[PDB]
Structure formats: structure tokens, C-alpha cells
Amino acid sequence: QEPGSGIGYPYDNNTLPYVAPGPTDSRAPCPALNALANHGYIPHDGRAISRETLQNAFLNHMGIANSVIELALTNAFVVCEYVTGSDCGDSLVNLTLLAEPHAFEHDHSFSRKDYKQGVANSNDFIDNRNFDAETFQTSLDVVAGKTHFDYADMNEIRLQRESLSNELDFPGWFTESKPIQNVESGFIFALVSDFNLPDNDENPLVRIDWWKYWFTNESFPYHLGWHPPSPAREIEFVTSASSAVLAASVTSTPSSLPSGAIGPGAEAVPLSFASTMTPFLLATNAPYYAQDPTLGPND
């Protein structure tokens, strides 16, 4: 928000306004990075981004401690080298390259289509990067008519997404990614669980309206009473949440799940790509921004 608005106070005492991305700006497949860039906490053009810029933006504007993004930073820079063909040092070339498929970006996302979802032909690909309202509605509808949800519900959401993706993706494309996705499940609990409930830290419940605002608008739900978690969330919360999602008992099983879907997940680890592997072409679509309605500077 505008700095004088005080909308962030006393959790964020140095806010900047929302500015929609323009056609030439670079955006990510990540709703968090996109919100940060839209506010200029990382470059509004989405280019030439250092580790410390990312660390400070998450810590000071989202209540997310450095530990939470340590592996994500490693993997962002691995993917940058893979996509560009050279070491990117400490200047991430852009955010768009993070949508390189079967890498950090993965299938069965909550709010994005898959790279070969619904394609009639094998060499074809689609936008696996921008927010997709229909896809996100498939996640939301698992928890329809509710204001909050728990770990077991999140497990059902990710199972629904895996099912749909396995059914809709071009045969042979679909690749399950439980470890990365369920770190992101933990990220959702870390950011938009309801800290106004007495047992939040131990039994977090996602507030659905906060989640929906964040993802649809790529800005922060201050108007709904959200603020950055204080103290900032740490990696233990995130991986504990990830564990708890996958350990929750499944009471509704979709058909078409890949082998081993129900059960614990491997720890997320650093990515690596063979030097002789050429990257998949990135989708070139302009960055998404909310238009129904468009957002003002304080939204």
C-alpha cells in the first residue's frame, strides 16, 4: 500500500503500492514472487534479482524468514543456469524462467495449468505460468461453502489436482511432484493460516478468503484483516505442515492417481540438470494481472 496509508502498521512499517505488471514485465509461476514484484519489493520488471533482495522482501513484507526460502533460492539459481546456459551468479536473470517445466515448476499445481495440459498434439505446450482462474476453482471447490480448512482438507485438494492433471495432460507428460508441491502446501499454511485463532501455531487453519485474494490478485489481503505473520515463519513450520498434509487420512479417493500418491513424501532436495539437456521452451504469454476488478494502489 501507499506508505502513508498505514495499512501495514505495525507489522510492515514501510509499504509500497501495488502496480500492475505491464506487457514487458517478467512474472513467475509463483504467487508470492509476483505479489512482491507487483509492490516493487523485488524489481517491478521481474529482472536481475539478488538473493539478499529476495531474503529482505520476504522477511520484511511477508513475515517469511530466510530459512523458509534457502532451498528455493538454491533451486532458482540452478534453474537459471539450466535455462540460460551460464552461471547467473547473484543476479537471477528474470522471474519467467522459473516456469521451466519438470524442474522447479511442476505438474498438478493448485492454480496453473500444466505445460502439456489438454494439448491435442505432443510437441505443443501452453501457459503453465500465469494464474488460471478455472484451475484454481478446482482447488477451491474441494473446500466449497467453507471459510477455513485443515491439513486433511489440503491433502484432498492436492489429490484432486493430481487426479485431474493425470487425466488431462498429454499422455506421458504428467510427472508427480509431491515433495515440491507440499513444501508449497506448507507455504500456504505459513502465510494465510488464521493467526487470530488461539491454536494457530500448532493447528493452523487456512482462511480461504485470504488464500483466494492472494492468488487471484497477486497482492496482500490486508483489507480482509491479514498481516504478515509475526514473528516471521521459519522452515520447521513449513516442513512440519508439509508432513502433516501427507500424513492426513484420505477419506475421499479420486480415480487416476499416480502410484504412491497416498502416503508420505520424499524431502525436497536441490535440483540438478545434465549439461547436455536442452531446456524446454518457456511459455511467452504476457504477465497476468487481476482485471475483474483491477486493483488500486492500496489493494
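Numbers for residues come from their place in the sequence shown, where the first is 1.
J.: Would you mind comparing 14-22 and 272-280 for me and telling me which has the higher average C-alpha temperature factor in the entry?
T.: Between 272-280 and 14-22, it is 272-280 that shows the higher mean C-alpha B-factor.
J.: Going by the mean C-alpha B-factor recorded in the entry, which is higher: 135-143 or 196-204?
T.: Taking the mean C-alpha B-factor of 135-143 and of 196-204, the larger value falls to 196-204.
J.: Just the C-alpha B-factor column, please: which of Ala32, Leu54, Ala48, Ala247 has the biggest number?
T.: It is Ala247.
J.: Could you tell me which one of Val68, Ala28, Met62, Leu257 shows the highest CA temperature factor in the PDB record?
T.: Comparing C-alpha B-factors across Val68, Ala28, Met62, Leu257, the top value belongs to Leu257.
J.: Where does the C-alpha B-factor of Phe187 rank in its chain, lowest, middle or highest third?
T.: Within its chain, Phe187 is a lowest-third residue by C-alpha B-factor, going by the deposited values.
J.: For the chain shown, is the CA B-factor of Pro221 in the lowest, middle or highest third of its modelled residues?
T.: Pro221: CA B-factor falls in the lowest third of its chain.
J.: Test of reading the entry: by CA B factor among the chain's modelled residues, which third contains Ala103?
T.: Middle third, going by the recorded CA B-factors of the chain.
J.: Among the modelled residues of this chain, does the Cα B factor of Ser242 put it in the lowest, middle or highest third?
T.: Middle third by C-alpha B-factor.
J.: Can you tell me which third, lowest, middle or highest, the CA B-factor of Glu234 falls into for its chain?
T.: Lowest third - that is where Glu234 ends up once the chain's C-alpha B-factors are sorted.
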